[PDB]
Amino acid sequence: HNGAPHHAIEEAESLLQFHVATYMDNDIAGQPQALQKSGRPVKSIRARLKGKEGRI
Amino acid sequence: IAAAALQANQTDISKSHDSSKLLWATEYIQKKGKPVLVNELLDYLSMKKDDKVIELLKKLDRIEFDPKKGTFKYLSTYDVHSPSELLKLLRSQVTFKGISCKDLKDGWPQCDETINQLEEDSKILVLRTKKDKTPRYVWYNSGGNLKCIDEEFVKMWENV
Amino acid sequence: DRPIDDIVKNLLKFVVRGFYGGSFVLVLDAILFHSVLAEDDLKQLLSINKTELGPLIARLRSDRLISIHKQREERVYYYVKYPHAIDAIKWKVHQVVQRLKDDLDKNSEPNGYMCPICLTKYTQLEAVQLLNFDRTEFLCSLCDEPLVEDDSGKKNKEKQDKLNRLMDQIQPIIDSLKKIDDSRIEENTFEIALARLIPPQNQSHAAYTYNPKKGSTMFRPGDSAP
Amino acid sequence: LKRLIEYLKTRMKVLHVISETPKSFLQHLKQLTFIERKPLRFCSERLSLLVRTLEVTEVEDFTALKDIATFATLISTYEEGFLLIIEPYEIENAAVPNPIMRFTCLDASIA
Amino acid sequence: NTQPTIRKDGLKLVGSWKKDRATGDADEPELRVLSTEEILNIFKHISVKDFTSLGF
Amino acid sequence: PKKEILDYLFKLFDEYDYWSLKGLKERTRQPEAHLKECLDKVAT
């Protein structure tokens, strides 16, 4: 909305795509890991619904 | 006693550099709005004949030499002291470069005031600061009304 | 050039003059008085900051008005696509007309009712079943509190008056659109605006030349026609 | 004369080719400003007398106004058999379009 | 027009329009980020029978 | 000390064209606000 210098905006929208993807699942091809504090990784939906009492 | 101290501290104008004498002469010219004769100079600095100082003063752009009587006067950049002249200058703008108000204060001591009433008249295109409404680089009002439509209608066009 | 094109220029001018901020007015007046601009020359001419330049350029993107140009001599240039601007204005005025007409049609109908506790909107037909056992107050399902009628039925004439006054203001724009429909729609290019180059400065480092590379085989969005 | 030059400047900055009558030019003149045909005829005499009285012998800056007074007395005397042409291209094959107003003598029997 | 050669990369997509339309072979591709807006619009411009063919 | 330092700074630009503002400090060793006003009247 304000003055975009056309460098931060691209990496920022990439960060939006990154976080919605990470919330969507965190078992992606491992270029990121994307945890949240503390050291335990943030547990996403494939982790919620995987094998071994993953909800199913 | 104060006059004695001033006379003791009165430095002779035969300085190390002539530029100090020139600056004092331009200060004394600027502080008087009227043209002044050569005798004012000869009384001001200890210099009598038409010297290199007087010749370079004649060659100076801000100083008008008078073939009539020898009156020397300051020359301002903006020769506008009326809103009509200001509007005609704004109409005669060949480029859209803004024009400063400090050199309009040169020549016209109450010029920012008239700028304020003409902006109140919607006669200009002003640029103003946010610390205060500041007379700055301005442009001719080729527009319609500056204060045209009210803020609620503006806000609902923003909603649009 | 075309007197109808001059009418278009004055039309855009009046649109920004009466319907946008003074900074927008100055920017668009500068770029019509002159031609396509490098940002540095404009910053020289207005003695402004990129922080101030930002939101203006952003909102002019948002209304689909200024056609930017990017080419290296990288040098930033700005112009306006005429059919893009015309159709954007056309969609804007049609959306204004339809939105204000439907808002006026809704606001001509009476209010409904307001519950001060839960602070929510209610309608008259929804309040038909909100009558209590004795038809005295309009009972609330949650708060068990009386419902009081809103103040928008007298806003019917206010929306009507706003529509009529805005229609009177845009009536020169409507007439200009009529004359445009009489005339022929023409499409701008960066090079077309280059053909009408009005020199702002004398030391512009960004050369105002359109110089595509050999084998410029790309078709780019916002830069081609069907 | 200064506001006449103002009118000439604001009529100078046209965009396309216009071929108007002296009558049309005078009518737009009286519409915009308040400059009249008889002063436009008398301007040449007025300027000549002003130069003679003023003793301004360095007329190097002053020689151009002869053209304006010439054109004004011409167009304020002649209206038929003559046309005023206005073009945006003083040089058609130029880097920048210099505009131009052109006057046309159409009948050679007059002189 | 051509279809650019599309390389999967990270969390986005790029394409290189070879497109070879000059007098020579003109092998000169531009690597431009595939904007989700343009994929969305070009998807919005597909036929329903093309959806049926494409199993949508 | 307005008048003397004006001739002194006239010597300084005569000594070197782009004289340092930090180097201007020791050549004056005077009030800098007085120095800042005097610098603005002639050059940079």
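Methodologically, a virtual Cβ is constructed for each residue, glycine included, from the backbone with ideal geometry; neighbour enumeration extends over all protein chains shown. Just so you know, all these numbers are worked out from the coordinates, no wet-lab data involved.
Data for the structure
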{"quantity": "Trypsin sites (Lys or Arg not before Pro) within the range D:1-37: DSSP coil, no more than 15 neighbouring Cβ in 10 Å", "calculated": "D:13"}
{"quantity": "For the range D:23-92: rounded, prolate or oblate by the Cα gyration tensor [a/c cutoff 1.5]", "calculated": "oblate"}
{"quantity": "Subset of B:21/B:88; B:131/C:157; B:32/B:69; C:179/D:2 violating a 29 Å alpha-carbon distance limit", "calculated": "B:21/B:88; B:131/C:157; C:179/D:2"}
{"quantity": "Taking N as its residue count, the alpha carbon Rg of the range C:109-152 over 2.2 N^0.38 Å", "calculated": "1.03"}
{"quantity": "Contact order relative to length of the range C:109-152, as percent, for alpha carbon pairs under 8 angstrom and 6 or more apart", "calculated": "42"}
{"quantity": "Cα-based convex hull volume of the protein assembly as shown per residue, rounded to whole Å³", "calculated": "400"}
{"quantity": "Sites matching trypsin sites (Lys or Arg not before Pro) across the range C:139-226 that sit in DSSP coil, with at most 11 neighbouring C-beta atoms within 10 Å", "calculated": "C:154, C:184, C:213, C:214"}
{"quantity": "GNM top mover of B:124, B:149, B:54 - chain B, alpha-carbon springs below 10 Å", "calculated": "B:149"}
{"quantity": "Distance in nm between pseudo-label sites at residue B:110 and residue B:34 (7 Å out along the Cβ direction from Cα)", "calculated": "2.1"}
{"quantity": "Residue-averaged 222 nm ellipticity for chain D, from DSSP H runs of 4+ at -39500 (n - 2.57), nearest 500", "calculated": "-14500 deg cm²/dmol"}
{"quantity": "Sequence-distant residues sharing a close amide H with residue D:18 (under 5 Å, placed H)", "calculated": "D:86, D:87"}
{"quantity": "Pairwise FRET efficiency - residue D:83 versus residue A:15, Cβ, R0 = 56 Å, nearest 0.05", "calculated": "0.20"}
{"quantity": "Cα-derived Rg to Rh of the range C:47-103, Kirkwood definition", "calculated": "1.14"}
{"quantity": "Modelled label reach - residue C:52, point 7 Å along Cα→Cβ, the range C:1-35 residues with backbone N closer than 17 Å", "calculated": "C:21-31"}
{"quantity": "Test item: Cα-centred dipole of the range C:1-136, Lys/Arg +1 and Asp/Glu -1 on Cβ, debye", "calculated": "160"}
{"quantity": "In nm, spacing of pseudo-spin labels at residue D:23 and residue D:46 (7 Å Cα→C-beta vector)", "calculated": "2.5"}
{"quantity": "Theoretical FRET efficiency, 1/(1+(r/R0)^6), r = Cβ-Cβ of residue D:63 and residue F:43, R0 35 Å, to 0.05", "calculated": "0.25"}
{"quantity": "Convex hull volume per residue in cubic angstrom - Cα atoms of chain E", "calculated": "118"}
{"quantity": "Magnitude of the charge dipole, the protein assembly as shown, Cβ model with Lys/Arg +1 and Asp/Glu -1, debye to 20", "calculated": "860"}
{"quantity": "Rg followed by Dmax, in Å, when the range B:1-144 is reduced to its Cα trace", "calculated": "20.4, 65"}
{"quantity": "³J(HN,Hα), Karplus 6.51/-1.76/1.60, whole Hz, each residue of the range C:124-133, x for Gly, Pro", "calculated": "5, 6, 5, 7, 4, 8, 8, 5, 7, 5"}
{"quantity": "Where a label projected 7 Å from the Cα of residue C:103 along Cα→Cβ would reach, residues of the range C:161-190 with amide N under 12 Å", "calculated": "C:161-164, C:166"}
{"quantity": "Estimated FRET transfer efficiency (residue A:55, residue A:8; beta-carbon r; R0 51 Å; 0.05)", "calculated": "0.85"}
{"quantity": "Calculated log₁₀ intensity ratio I(q)/I(0) where the Debye formula runs over C-alpha points of chain F, q = 0.18, 0.30 Å⁻¹", "calculated": "-0.44, -1.42"}
{"quantity": "Distant-in-sequence amide H partners of residue A:44 (H built 1.01 Å from N, under 5 Å)", "calculated": "A:26"}
{"quantity": "Span from the the range B:29-105 Cα centroid across to the the range C:193-226 one, whole angstrom", "calculated": "46"}
{"quantity": "Cleavage-rule hits (trypsin sites (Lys or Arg not before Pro)) in the range B:1-49: DSSP loop, at most 14 neighbouring Cβ within 10 angstrom", "calculated": "B:31, B:32, B:48, B:49"}
{"quantity": "Model label zone, residue D:13; criterion: amide N under 16 Å from point 7 Å along Cα-to-beta-carbon; scope the range B:76-103", "calculated": "B:87-99"}
{"quantity": "Choice from B:101, B:148, B:111 showing the highest fluctuation, given a GNM over chain B with Cα pairs closer than 10 Å", "calculated": "B:148"}
{"quantity": "Fluctuation leader among A:34, A:21, A:12 - chain A, Gaussian network, Cα springs under 10 angstrom", "calculated": "A:12"}
